[PDB]
Every structure is written in C-alpha cells, then in structure tokens.
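Asks: structure for the following, please:
(chains A and B, ligands or ions: 1)
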2 protein chains.
Amino acid sequence: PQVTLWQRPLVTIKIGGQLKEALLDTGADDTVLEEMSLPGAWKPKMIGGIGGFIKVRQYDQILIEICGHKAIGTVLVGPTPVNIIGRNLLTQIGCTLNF
Amino acid sequence: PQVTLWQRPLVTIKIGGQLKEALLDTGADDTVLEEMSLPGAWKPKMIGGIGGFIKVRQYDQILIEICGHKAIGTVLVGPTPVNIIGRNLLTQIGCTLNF
Ligand SMILES: CC[C@H](NC(=O)C[C@H](O)[C@H](CC(C)C)NC(=O)[C@@H](NC(=O)[C@H](Cc1cccc2ccccc12)NC(C)=O)C(C)C)C(=O)N[C@@H](Cc1cccc2ccccc12)C(N)=O
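Replies: Numbering: from 1, shown residues only, chains lettered A, B, ... in the order given. Dropping the coordinates below:
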C-alpha cells in the first residue's frame, strides 16, 4: 500500500508469536522495539536519537511480518518510547518514499 | 522523485537564504533543524526522541524549499545531530510512503 502522512505511519507487526504496532521510520537506520520476550543470543549496542543515546540488545536473523509481509533481519530491543521499523527492514519489504 | 531506502533519504533544502541537507523522516511528527540564525521571534517547545527529550525554539510560518518544492510551516531549531524534515512538512510536499 501507499501511505499518506497526515497521521503517523503505524502498521501491525508479528514477531516472536506476538502482535505489536510499529511506526514505519525512514529516519531510523535500524529497527528498535520496546522491551519484549525474545529468544536467543543477543549483544549490546547503543544507538543515538534526539534526546540522547540508548542501550540496546541486538538480535540477528529475526523474522518479522510487517503488514503481513515477511522479512528476516536484525532487531534491537530496548527502552524506546515507540516500536520503530527502520531502514534495514523497510528496504526488505520494498518500501519507497515518493513526492 | 522515488527515493528507495538503501541509503539515508537526504535532500537539499533552502531556508533563510542558506542551503542545508536534511533527512526525510516519516518517524518525526515535527521538523527540527540544527542551530542556525533564523529571522524572528519564537515560542518554546520540547520534543521527545529516542534518547529522552530536548528543548527547542519553535518558529511559525517559516518558508522552506525542499528539493525545489516550497512549503510554509512550523520549524524547530536546536540540539539535533541531523536536520530532519518531519511529517508537518512532508504532507505539504505531497510525500507518501509505498510498499
Ligand atoms: C525528532 C522528533 C521525534 N522523532 C524521532 O526522534 C525519530 C526519528 O526518526 C529519529 C531521527 C534521528 C536522526 C535523530 N531516528 C532515530 O532516532 C534513529 N536513530 C538513528 O537512526 C541513528 C541516527 C544517528 C546517526 C549518526 C549519529 C547520531 C548521533 C546521535 C543520534 C543519532 C545519530 N543511528 C544510530 C546508529 O543511532 C533510531 C530510531 C535508531 C518525534 O517525532 N517526536 C515526537 C513523538 C515521539 C515522542 C517520544 C519518543 C519518540 C520516539 C521516536 C519517535 C517519536 C517519538 C514528539 N512530539 O516529541
């Protein structure tokens, strides 16, 4: 689909058997999700934002269904205020910016 | 144009006589630019990011040319690491997201 921007661009995602709502974010180089129940071996990382830098756990090869479309990649779990779908998975679902 | 997201979606903007480069950010409700001399008066505002908050100066009715398209709107100035075009200006240039 085509999404206009009068409202935040939120989509329903399925990850780890759980259902969440997440923001399509062209300004995020990576994907970061609120703290959640995920299996496996993860590793520290820190990513910067507007209000400062935050501490996160990187999980690789994580399957995500975004707007019921499949993608496999790296997901970061941490204290973000919102679930964010970043460019690393937007390219995989073939998403483009158009004006 | 059609912007794919393999690299950051950067664009040339003209604001207050000066040329800068800014990020098209569907994850930002508002447009926040780096400190710069902006002709005028302003009301205070604070926005939230990934690292927490920030204190910024809000200017209204500022003309901006984004990739050659003109838009008039509210612009925030302050502590951001990158100039960001947020959804208040992305809807005025006709920008949509497609997948
Ligand atoms: C800027 C306004 C704000 N939006 C936002 O902050 C969301 C916006 O897409 C931001 C822009 C970024 C460019 C500042 N995207 C990101 O922060 C992403 N960072 C990167 O991609 C960085 C960039 C980055 C690159 C290089 C150096 C950096 C140094 C410091 C910081 C970032 C840096 N790379 C990394 C690896 O760390 C995260 C998702 C990985 C917004 O709309 N705020 C609202 C709503 C709101 C409230 C509270 C928390 C929010 C969290 C996210 C989105 C919206 C949020 C408001 N009214 O205050």
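Asks: for residue A:89, which three-state class applies?
Replies: Using DSSP: H, G, I helix; E, B strand; the rest coil, the structure places residue A:89 in helix.
Asks: count of neighbours near the residue of chain A found nearest the ligand?
Replies: Proximity of chain A to the ligand (CB to the nearest ligand atom) peaks at residue A:48, 2.4 Å away. C-beta coordinates here come from the backbone N, C-alpha and C atoms, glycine included. Residues within reach of residue A:48, counting by other CB atoms under 10 Å in any protein chain shown, total 14.
Asks: interface residues of chain A facing the ligand?
Replies: Residues of chain A lying close to the ligand by CB under 6 Å from any ligand atom are A:25, A:27-30, A:32, A:47-50, A:81-82, A:84, A:86.
Asks: dump the residue contacts of the nearest residue to residue A:16 once chain neighbours are set aside.
Replies: Of all residues not flanking residue A:16 in the chain, residue A:38 sits nearest, at 5.2 Å (CB to CB, 6 or more residues apart in numbering or on different chains). Each residue near residue A:38 by CB atoms under 8 Å, 6 or more residues apart in numbering or on different chains is listed here: A:15, A:16, A:59, A:62, A:75, A:77.
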